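The same protein chain appears twice below, in two forms, each given on its own as structure tokens and labelled structure 1 and structure 2.
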Structure 1
């Protein structure tokens, strides 16, 4: 009955707290201090989580979930019925852990080297080349080089990874791993919904794409850019051409209206990584939201240490399932791109602190997209010229179009990429894309969604999806697509809460108490209620909608339509079979 169900949830919740705290600190101590000792501790905590998930998952399955009157109780048990990888037989479980470990390790130490020269790492070296170099062959060197070293070597583990992750999902009642990932959104019409949202943002992306293609035509020469074909993938200022903000200098509509180089101003005025997180902390507290505990400043790795090498530099925010212990781990470089990211990650820390009083089972975002949305919403206001000038990082209609272009290069360009990644994966998981098709189908979708072609023809043995962190690390990517849509919905709602009128893109909700209240009640729910409720608390409506993003960029869309029409651009890539010569 109901009494035995809540007895089970109570017992699960307190045992999970203890073991989850033990896993996280083990995961931290390894990631922040790589040693044989710290690795051994991690492996012992891995099999404990598996044992605990196996034990409590088996019991959770003994309950008939629909016989239960309490929905909070119902959700918790229905979650525990899914063991994830812990559903696998011992040998297959440990082989799956080996493969993930092998894929992550291969990705992390992969280096591209000159003949007699230095061996560059992805971050920050190859990232810097992609961002700053405006020479075709150098961009190509780093682009091809990374996919040859990282991607190629992941290909030996991926088919067996797919096999095992699919098996674990079938043992948990799903048809495949993609089915399992999509279920986290509890939305049967999910596929169609994301499809429709993608269609509504199409004309906005096509207009940006056409405009940027022309600018690249001007810089890289008519013999290297087809004005009716896909753009070569290595030219967008980013390794994965997922975000195009680094080529602002190439596309800025009015260099006639100049602005400060933000990275220059930051290094000059004595900005430290420590100080970038203080600034992000201040922005949250100005809204009346929770400050970070003192333990955060003591225990966080906000920059790489010098006492001893061997650390993982990837940016990440950590919940320790303690209620008191929350940390960020990042090898932050002092620049605008890392100042924005700092606000994003503090957004995760805020979310952790808000739902900390809930049982650990419900200590998550309303859906995986909600979690990444918080932090991005605030950063929108941080990104505004009004706020950046107040940070001494900047100095009128022409300035306005400039800013909107900069935000389009960040936000609009990402839309097709975030959609693209899991469109590929779901088809890999369901078996419509096989290991002979891996790379061809990746580039089919790169062309179809993004209008990109490879700069160099790909060969058998190439596994370019494996050059993107989230692939060998097995982190679902559709969360970011949902994130980018709903963050403009939140923005729109928080700005009218703050009583802001006029163009939505000018809104800066800094120090807005009413706006802080909205997010606070939404984040307090955690995973306890279906996400349409938290969506309704913030926006008034329960749906994901593209309208707010479309409303935000309306002035830029109008401007691009006008500009593309007069220059005689064909929108899209009609000559879609074109590749470089």
Structure 2
């Protein structure tokens, strides 16, 4: 039945391209114009694609993959045997698809109002408050309000969501949804591997945490910051305290060595979202990589519509499975942070284009982490003072430590948060956490890993996890933890390939063809081989490692230890 295998795969591919392209269409229309009609159509298309999935998934299961020779064929068929949600009986599938849509819409349209009538949306209103306000009470208002409006509204949907996604998981041979999600890495030692990486970054995070806590103590008062306890979750410049770069002004190591207001500069010289993406497109091409198609610039939504339209603002890259149509949907704002995000998303597009000629079943990254890392890698070089200066956005060890601190506030602070999200979800999926303890366990992990505490006590009815995009949107999060670790591994490898000598953090791979070549050969593999092969192609070795990230920040770790030591900080939070 070997010849039958090849035929089946060829047929699965042809048909899947058509149906998946059609689905992307409806999905895109809903995401870029949330309405009753677009929602209705999306739900209808869900059943259509599920029908396709069931038809081929059923046939695929009749193949004893064990008996198949061709490994590339063996691999595709094994993947098609997994029906995902399509495994759910029609009634549950319909209810499931609606739950997902209701949670997404609820999160996307949530607003926080004032007594008068001024209501703020998450993007860019609340996001801006969290990033620029230095008033304890105003930060609290936005922080609590977002959770009161978005978080609480998602709670009514989560338990049923968990029940259905787990059922689908069990119907596909997994013990639960978390199991199914983790399988995407094809790594039996995943959990222990991730745990080890997390532990390796502890010294660095705990030291960053202690330094920032001291700075907040200095700004917000001793009566509000316990130098031996967790940091209130609304003071880090970000709604989820996942990245702390926005409070750089409160923690600058050497305030005597000032740096230009990058954002002010961008706005000052008329930078626009389109300009931001163009610059990213240029960085990829400079490496010899592929430029985005003209179609990209015409169909993408690079700005928040003013049509009055309601949309899903969270940044995302789209592959329409026809090897020609690729788009980015992002409510881009003109500032450095979003400039990095633009590169992030462009990295996804580059990946799409790179493996566009493989069977659609294999048109995925080596693993989800790889897909998230590509753009961040280039953005690391983009963020260097030298590169920013070349873009006319910027104008000495002190400047060096300040830069490292700025990078750390984003990259190091994110490590514990990115680790925490799915630790929580895996436990919800496996039944360890019931709806009675959703929130309480969320905060135990928030405390355990990030050393954060809620500024206001939480109450029955609260569901803060629902206030984070990926939860109601049901998008796995561990990919971002993996990404942040491996992107430094890639940076290190690419820099060495470019001939860079000296401190890793000073490397800029701009215009390096040797660098673009390694990324290219790896991306071309798509999901055709276990990820360690792609890892090997890029770095010369096969494992995930925190060494690159540690080496990158070494100078900062040394500075932080000395600084915290002379101030007598007690690391951690008893």
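Positions refer to the first chain, counted from 1. Only the largest set of C-alpha atoms that superpose within 1.5 Å between the two forms is called the rigid core.
**Q** With the two forms aligned on the rigid core, which of the residues 305, 258, 503, 159 moves its CA by 2 Å or more between structure 1 and structure 2?
**A** Correct option: 305.
**Q** Superposing on the rigid core, do we see a C-alpha displacement of 2 Å or more at residue 550 between structure 1 and structure 2?
**A** No, residue 550 moves less than 2 Å.
**Q** Would residue 38 count as moving between structure 1 and structure 2, using a Cα shift of 2 angstroms or more after superposing the core as the test?
**A** Superposed on the core, residue 38 moves its C-alpha 2 Å or more between structure 1 and structure 2.
**Q** After the core is overlaid between structure 1 and structure 2, has the C-alpha of residue 29 moved by 2 angstroms or more?
**A** Yes.
**Q** After aligning on the rigid core, report the distance the C-alpha of residue 199 travels between structure 1 and structure 2, in angstrom.
**A** The alpha-carbon displacement, core-superposed, is 0.4 Å.
**Q** Having superposed the rigid core, state how many Å the Cα of residue 334 shifts between structure 1 and structure 2.
**A** After core superposition, the C-alpha of residue 334 moves 1.2 Å between structure 1 and structure 2.
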